[PDB]
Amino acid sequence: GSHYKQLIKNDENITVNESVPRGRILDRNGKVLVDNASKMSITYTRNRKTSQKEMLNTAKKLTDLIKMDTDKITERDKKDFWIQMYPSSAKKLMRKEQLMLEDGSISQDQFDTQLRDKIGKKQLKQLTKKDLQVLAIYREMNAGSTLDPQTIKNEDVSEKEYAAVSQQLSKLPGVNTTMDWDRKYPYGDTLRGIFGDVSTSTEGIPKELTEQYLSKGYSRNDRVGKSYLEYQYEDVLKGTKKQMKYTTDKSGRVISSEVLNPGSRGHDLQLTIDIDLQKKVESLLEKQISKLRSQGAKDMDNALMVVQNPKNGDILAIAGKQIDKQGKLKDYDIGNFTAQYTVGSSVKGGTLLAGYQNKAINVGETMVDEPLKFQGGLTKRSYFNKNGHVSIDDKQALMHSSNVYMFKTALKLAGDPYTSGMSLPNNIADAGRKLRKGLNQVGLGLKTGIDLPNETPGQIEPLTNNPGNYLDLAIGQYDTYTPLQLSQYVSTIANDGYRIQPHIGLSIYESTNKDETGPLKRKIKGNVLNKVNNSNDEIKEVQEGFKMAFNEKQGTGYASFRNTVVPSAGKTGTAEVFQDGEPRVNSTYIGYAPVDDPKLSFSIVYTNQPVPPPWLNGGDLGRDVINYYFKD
C-alpha cells in the first residue's frame, strides 16, 4: 500500500520517499474505532496503437485469473463483442449488404449500423458465461485512451486474484495491480462525523487546505486528514515516511545506497470515548426522540447530548441527531460544539455566581418572587408564580427556576435595584460586561477548548442601552450556547469550581508494530482553564439548589431525576423560540452524579418542542444514561 510521492534530484543524487501506514484510533478501553484496510485494484493502460484483437487477447488471459461483475455491459457492448465472437455468423447475416459495401453503394458506417440492427433475437444468446467475463474486462479496457490507466476491478479484488495477476504482468501487456489503504470503521456509522476523513489519494491535499499543508513540508500527492479528528491529530497519526538516498553517475548506475529513514507507522491515538457508552447513549437518544414525538413533539428537529467526566474533562460520549418532520434521523454529533442555541433557565447557576462575585447578592439572600412592573406597564414574571408573591432563597430560586430572582440580581448588578414602576437602566454596558464575565468563568460564552476544529463560542450581541436584552441574558434568553458549553459549565459546578478543557483525545502511543499499541508516548490532558472567582460557600449554594431542583417535589427536574440509581443534581431550561411563525421551545438539561463525588456530568438540548402546558420529560434521557452508567 506504499506509494512513493517524492523523487528529489541533486548531485546526480536521488532521494525517494515511501509512504507509511496511518495510526489507529482507539476508545478508552483499547477497542479499535478507526483502522486501516488494504484495497487492491486491477488496472489497464491503453497505448497509442494497441489493437482491438490484442485487448481481447489480454482480457481473455485475465478471465483465467479473476472473476468479474457482468453489470455495466451495455447492449452496444454485447453486439460489438458478438461480431468477433463468431465472424462467419456476422458474415452470414450481411450477405447482401457486404456486396453493396464492395460495390461502393453503401458506406462502412451504413453497413455497421445495419449489422448491429440485425440481431438481438435467439442469436445474441450465443454469449457463453466466459464471453461475458472477457467482455466485462474488454469494456473497461476501452474507456478513454492515452496512457491514463482505466480500472478493471476495484471492489471485491481478492488476494488470490491480486497474486495471480501480479505474477503474470509480464504476460499481460498494459495490465497492472495496485495496493492501497483505506480507513476501516469497525463500529459502522457511530461517531464518523467526529472521526473525520482522510483525503482519497486521487485527491491529495484538498484545495481548501493546501498551502497550510505545503508550509509544513508535505506534497500535493500526500493523503492527509481532511476534517475533525483526522485533521486535528494529523501529525501524530501520520507516519514518518521511508526515505532512501541514491548516488549515481554517468548514465545512472547506483554506486551507493543510503537509508536516510527506514520509516515508521503513525502513532495510535486513544480517545476518552467509551464506545459502549456511546452506543448506549445513541440508542437511548433515538428511543427518547421517538417517545417525545409520540407525545406531540413532531417539529423537534435537533436532539443533542454530551457526557463527560467532570473531574478531568474526558468526553465519554457525544451524540446528536437532526430530525425531520417524519422523525427520520441524520447523525449530527458535531453539533454539540459547532451549533449554538437559546438554552434558557439552565444558565441560572452561572447568573448567581456572577451576582455573588460582584457583591450584588449574598449567599442565602431571600427576595420576593412576584410580577415585576416597569415604566409604561411592561411586566416580567416567573413561570411558576405568574400571579402570587413568594419569598425565596437563591437555592429555592434554582429549584423553582425563578426568573424574578435573577432579574432582581441583574438589576442590583446594574446598580439600580428594582422598585415598582421604575424605568429600566438606560446604559447597562458595564453591568452586561460583568454578567458576561461571570458566565464566561463557568464556560458560558467562551470556547470550551475542545481538541477539535470549528468550535463556536455562541452568538454574543452588543450590550449597551438594551436593558431588556440584559435581563434576558440573566435567564438564558439572549446569548446562545453550545451543548458542550452547558456540559463544561455543569462540570465546573460538579467539580467545585474548576473549569476544565473538554477533550476527546486521551493518549498517544509510540506505535511501531502492526496491530499493537506499543508503549504510551504522551497523555492528552484536560487543562484547568480557571477556577471560578467564588468562595466555597457560593459554589456549594449553587450545588445545593441544583440538588433541590432534581430531588425536591417542587424542583423542575423531580419527575425525571428523583429516583436515579445514585443521587443526581442539575438544572433545567425551557426557552421560547419560533419556527415559521409558530411558538416552540428549546428544552435543556444539565446534571451530574453522584452528588457527593461526581464522576459523570451531561448536557442535553432539544430544539423546537411544543410550548408546554403539557410538560414533556426529555430529561428522562439523562436519568436513563445515569442509571445505565451506575448500573453496577
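Numbering starts at 1 and follows the sequence shown.
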As the entry reports it, the stretch among 499-507 and 197-205 with higher mean C-alpha B factor is 197-205
Avg C-alpha B-factor, entry values, 331-339 vs 218-226, higher side is 218-226
Criterion, highest CA B-factor; candidates, 322, 375, 454, 150
150
Could you check 307, 390, 285, 244 and tell me which one carries the biggest Cα B-factor in the deposited entry?
244
Sorting by Cα B-factor within the chain, modelled residues only, which third would residue 19 end up in: lowest, middle or highest?
highest
If you rank the chain by CA B-factor, which third does residue 272 end up in: lowest, middle or highest?
lowest
Entry-reported C-alpha B-factor of residue 617 relative to its chain, by third, is middle
Quick check for you: using the entry's CA B-factors within this chain, is residue 103 in the lowest, middle or highest third?
middle
Tell me, lowest, middle or highest third: where does the Cα B factor of residue 63 rank within its chain?
highest
